[PDB]
């Protein structure tokens, strides 16, 4: 398989006020702009076309387009963010999704809450984390939609991270990056688990795109663990997004 498209959104000046549970300082808007540009330039080398949406000042975290939608090979499901300040992000991305998925857009409804960063796609199976942002009802609604379309899904329990993909990344070919509490999960033991060292935990969030793997710059052990598997590794500094608990998976929709 291969992805044909990516969707992303320019960061807003209000990014400095993005939600966070970290204490790594506040994002520097000018520097964040340069990093997002570097991220797009990396994506321009991955044989995909890119749809880059304009910034929206009303939504500080709207650069993290991964959360408001789940794009699959069969349909797109608009989610329902658990974070109060981000629920409205579904509205500003709906027109784009509708253009790519005519007559194939589904949606999560109350009382469900889902943020797609909690979803990890492995073939036609979708692992969905039960977090502070994605509740069991939301997971249920999503699994039912996936099943309606011939896909499958399951719930993964978590307690220590913001979203499932904060500490996990599937790089195709059975290669799974795992950090913290996901490393010893029974559901993931038939994968080739690549345990991320503690000092480099942030680097568990990486993206496979057409045999290239885009990862945060500054995590050398992880970079070598991926490189040796045969992937073309591209390093992009995302330090300003790390400050507001986001990374490379967070910043795009890939399908």
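Positions refer to the first chain, counted from 1.
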property: Comparing 181-189 with 72-80, the one whose average Cα B-factor in the PDB entry is higher; result: 181-189
property: Residue stretch of maximal mean CA temperature factor, 228-236 vs 10-18; result: 228-236
property: Peak C-alpha temperature factor (PDB record), options 138, 129, 102, 167; result: 102
property: Selection by C-alpha B-factor (highest) of 43, 215, 53, 194; result: 194
property: For residue 117, the third of its chain into which the C-alpha B factor falls; result: lowest
property: CA B-factor ranking of residue 157, expressed as a third of its chain; result: middle
property: Residue 90, C-alpha B-factor rank within chain (lowest, middle or highest third); result: middle
property: Residue 173 - which third its CA temperature factor falls in, relative to the rest of the chain; result: highest
property: Relative C-alpha B-factor of residue 58, binned into the chain's lowest, middle or highest third; result: highest
